[PDB]
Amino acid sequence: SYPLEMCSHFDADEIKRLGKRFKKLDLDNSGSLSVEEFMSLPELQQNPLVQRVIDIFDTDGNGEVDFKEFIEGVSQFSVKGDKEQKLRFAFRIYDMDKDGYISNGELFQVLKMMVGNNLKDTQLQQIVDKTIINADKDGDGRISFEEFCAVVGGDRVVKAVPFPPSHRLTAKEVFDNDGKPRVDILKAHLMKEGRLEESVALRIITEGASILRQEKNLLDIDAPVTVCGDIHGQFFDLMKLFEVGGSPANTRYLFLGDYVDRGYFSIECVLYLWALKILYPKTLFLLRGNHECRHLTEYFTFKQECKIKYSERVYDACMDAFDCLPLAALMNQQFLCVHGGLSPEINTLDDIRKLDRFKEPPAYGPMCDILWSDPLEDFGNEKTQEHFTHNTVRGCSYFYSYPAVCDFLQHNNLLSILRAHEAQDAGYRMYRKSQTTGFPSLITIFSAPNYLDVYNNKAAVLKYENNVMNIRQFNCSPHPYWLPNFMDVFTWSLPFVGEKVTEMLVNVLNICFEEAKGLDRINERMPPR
């Protein structure tokens, strides 16, 4: 019989109605909603967030929800009111102990509630860790309301998964007095998910680009050599790649491009290979692949990676570096080595030399073709296809045919073409043998094992030595987890939180194999200019 105080945006009629639904819900008519009383409703027991909502509503911390709390809670939705409330409510979902800070464990447990078994615990811990590292601007290891609002707008931890190092390597730690970089140390850090300093990275990028800028359009490379295909930001598989193909210190390398873009570790692949390039200028060689441009790195996630880690200057620096990448390689005077393949405008090796390479790749022309041309789908069984034909998979440059390749192999006195532009189940692919040489006219090489984490394909590299072209395959390796497009866990989870709380309240109305090559085709295309 004493009146009840509350602060809500409901009018007196709306409160009476909410009261009806409160009473019904209240079975034992104790005037307080209990955890079990909630978990008596048709669709409410299979909602991961009830547990949370109930506990936030419980302002007094007595375990149950009184009518005030109920009305005040529901009032904090359906608000239309200022955006701070929406944010303020969202924050409380994660902050289990109500102390105003989101703990690692807190963030882990709360996510773990809604994600269930769709993620392994090691994976979930990882994305929690990275989200915090980025979001935490004061160093305490927890997320304030302020830090939170910054991110969404635009003991106490579950170990033992390695936590990414806070220390950024300095110029002294990475470079020795003679100028050369410490691949030893670089690798150690990057594999730990560590980062360099914005200064150290920029130095590596530019110091390597300056070496590239001086190499010719068409390299001359001698056997023995290990030839590699696409890498696509799979840094952890690059480590394996080097283990399999031989140490860079005792072995010659030629990479045929695509270092970045489809994988979440592109910047690491770049820093590392660029570091190696400085260290072994005359024995380690990088070509340019179609993905090494401003146009594709904007479209896919590389630009995005550079912003999340480091700065946009690092991106801009890589773009200028990429411009210096050579287009091709004549290997042991037998093999033309190109990322993509031929051009109708490139008849001789001398044609490759006449090209101005220091620019963003044009949308057509010999440059484009070198980087995008693919072979015919039925290359070697051709029936009315001309040498070069409009490539409908890429949407630019040409498809080349077996006669086209054979023709070029004869005119320039070459044995075969090594390229890498198309994923391959076995990590490579040989094509029809030349009528005279008896050796494959064309070879694709692909060095990214288990591509996009789904193709479940083997990788490969070509080891040419003692007049044998040995194809060494390898399976993939573990790597840390990132949510698509380096999304922080809040941005990711919030929408699910939003949808599930609305469902909850609507209880209010109870009165009255590489087939993945098929899925990915869209992204095999040059983006829309």
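One-based numbering along the sequence shown.
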Residue 154-residue 155 interval: deposited residues absent from the model:
10 or more
Pick one of none, 1 to 3, 4 to 9 or 10 or more for the number of deposited-sequence residues not modelled between residue 512 and residue 513.
10 or more
If you average the CA temperature factors over each stretch, which comes out higher, 213 to 221 or 115 to 123?
115 to 123
Of 302 to 310 and 410 to 418, the stretch whose C-alpha atoms average the higher B-factor in the entry
302 to 310
For the listed 375, 403, 81, 105, which has the peak Cα B-factor recorded in the PDB entry?
81
Quick one: which of 331, 254, 278, 355 has the biggest Cα B-factor according to the entry?
355
Residue 53's Cα B-factor: lowest, middle or highest third of the chain?
middle
State the tercile, meaning the lowest, middle or highest third, of residue 64 with respect to the CA B-factors recorded for its chain.
highest
Place residue 149 in the lowest, middle or highest third of its chain's C-alpha B-factors, as listed in the PDB entry.
highest
Ranking every modelled residue in this chain by its Cα temperature factor as given in the entry, which third contains residue 26?
highest
Using the B-factor values recorded in the entry, state whether the Cα atom of residue 188 falls in the lowest, middle or highest third among the modelled residues of its chain.
middle
